[PDB]
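Number of protein chains: 2
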Amino acid sequence: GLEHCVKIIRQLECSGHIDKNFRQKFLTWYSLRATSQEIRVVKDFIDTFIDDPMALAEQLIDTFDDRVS
Amino acid sequence: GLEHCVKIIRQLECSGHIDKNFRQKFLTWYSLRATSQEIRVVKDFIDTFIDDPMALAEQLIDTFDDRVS
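Note that the protein sequences, when read in sequence, are chains A and B.
First residue of the first sequence: 621, per the deposited numbering; consecutive thereafter.
First residue of the second sequence: 621, per the deposited numbering; consecutive thereafter.
Right, dumping it as structure tokens:
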């Protein structure tokens, strides 16, 4: 769950769909703060936007940018 | 796990991406306090930012500086 999330989130950053700031904020939040239920949301989004990294990035931002800041 | 983490953390210090203080604080925290789950986060970050030591350093600081101080 963690391994996979980190890899994808780096991939998005490297591909330019998320900025460095959000990646850093997000990984911190996911690693420590994010609750069991909140991890299930993230896992679920990742699986839904497989071939659509742009839509995934936009979704993670829309859902979690407030919580991670 | 420990051996590898220590080597990387020293490498970052010696390369100037982390200061001496944080290295010392971090090794203490990792050696003694850090929980099973917290070690998995560290291991995972290290593996993600191999070729980007600046980003690794910035990530470890963002995630762990509070816990190690």
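Think of the CB as a built atom: it goes at the ideal place given N, C-alpha and C, for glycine as much as any other residue.
query                                                                                                                                                    : result
Can you confirm whether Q631 (chain A), when its beta carbon is compared against all beta carbons of chain B, has any partner nearer than 7 Å?           : no
Can you tell me whether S689 (chain B) is buried or exposed? The criterion is at least 16 other CB atoms within 10 Å of its CB, across all chains shown. : exposed
Tell me the DSSP secondary structure of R687 (chain A) in three-state form.                                                                              : coil
Could you compute how far the alpha carbon of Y650 (chain A) sits from the alpha carbon of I659 (chain A)?                                               : 7 Å
Listing by chain order, which chain A residues have their CB less than 8 Å from the CB of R660 (chain B)?                                                : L622
Less than 7 Å between CB atoms is the rule here; does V688 (chain A) satisfy it with respect to chain B?                                                 : no
Using three-state DSSP, classify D639 (chain B) as helix, strand or coil.                                                                                : coil
For chain A, is any of its Cβ atoms less than 7 Å away from the one on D664 (chain B)?                                                                   : yes
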